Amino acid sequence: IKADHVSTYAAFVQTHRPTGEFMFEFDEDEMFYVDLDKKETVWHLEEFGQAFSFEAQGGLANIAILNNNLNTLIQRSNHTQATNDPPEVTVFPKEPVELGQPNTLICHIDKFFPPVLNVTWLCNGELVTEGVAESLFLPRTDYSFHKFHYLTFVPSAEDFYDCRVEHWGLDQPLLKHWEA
């Protein structure tokens, strides 16, 4: 399909957590989503919230519609569970690497299914609970998913980082390394 700009509503409901998401992307960039727990509309950039507005019930009700379609398609398909697709992990910084300059490390998990992940940041082989931030489970054209994980870090000399990814398609957690 030929297009100059693509605006897509994406939503999914599953058995495990997260049991549901409702987002809207503009040119493959998540603009906003509906927090199914707080029942509010969360905008990506604050610029959008000042110029737009979305009814949170439009996402809440559509999630309920997909929940019915989930139970219906579970019976019609005779409880067929899809195969676990292996994720692809690549780590890269947001800005040019520089000592003392607070940068942001990006871990891009891609081409996986189902949307169930346990992603965690590791610095020098130790956990990093500070400066962690993640995106939603973003959709793809082949109906698989991709996700972003961020870590605000200050580059030092001998510091190396890792992106530990746990998925049902991996027999052991995957460690994607980055040092330069």
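Quick note: we count residues from 1 along the sequence shown, nothing fancier. For the two forms, the rigid core is made up of the largest set of C-alpha atoms that agree within 1.5 Å on superposition.
Between stretches 20 to 28 and 156 to 164, greater average Cα displacement in 4 other deposited structures of this protein relative to the shown form, fitted by the core, falls on 156 to 164.
Higher mean CA temperature factor, per the PDB entry, when comparing 123 to 131 with 146 to 154: 123 to 131. In this entry, 65 to 73 shows the higher mean Cα temperature factor of the pair 24 to 32 and 65 to 73.
Among the modelled residues of its chain, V42 has a C-alpha B-factor that falls in the middle third according to the deposited record.
When the CA B factors of the chain's modelled residues are split into thirds, the value for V6 lands in the lowest one.
Per the deposited record, the Cα B-factor of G59 falls in the lowest third when ranked against the other modelled residues of its chain. Among all modelled residues in this chain, the alpha-carbon of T90 has a temperature factor (C-alpha) in the middle third. Annotation for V165: C-alpha temperature factor in the middle third relative to the rest of the modelled chain, per the entry.
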